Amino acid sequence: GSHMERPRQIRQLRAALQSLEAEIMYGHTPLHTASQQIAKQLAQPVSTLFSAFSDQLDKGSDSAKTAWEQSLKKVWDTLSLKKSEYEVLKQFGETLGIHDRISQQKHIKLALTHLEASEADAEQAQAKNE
């Protein structure tokens, strides 16, 4: 049920993106391996975003940005999110292609906070409905 599923899926995305932020920033783990490790833990359908991303990166001459965008479009219809989440997730991809280290980091944090905010909106809509 979409009102119910949406907050839960945002919460999962916030978890997974926090882990990827760390690996990008100070990890010694290749991004494809980090994403696959997350995919193994998360429930479907959000898990498939991360396994698709891992595949695209691994067997790919694609930038991380391009691999992310492609994985996002591929899985999008399986998720229970609104367009506002899509745009946030797209901005997260665009962020992977930022070369300035500090600016990239801060734009990843913005994505995460944006999801925190959308999670609240989604919980508020749910609660309104009950």
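The first residue of the shown sequence is 1; numbering continues from there.
Higher mean CA temperature factor between 106-114 and 21-29: 21-29, per the PDB entry. Between 52-60 and 31-39, the higher mean Cα B-factor belongs to 52-60. Among the modelled residues of its chain, residue 93 has a C-alpha B-factor that falls in the middle third according to the deposited record. The deposited CA B-factor of residue 47 belongs to the lowest third of values across its chain.
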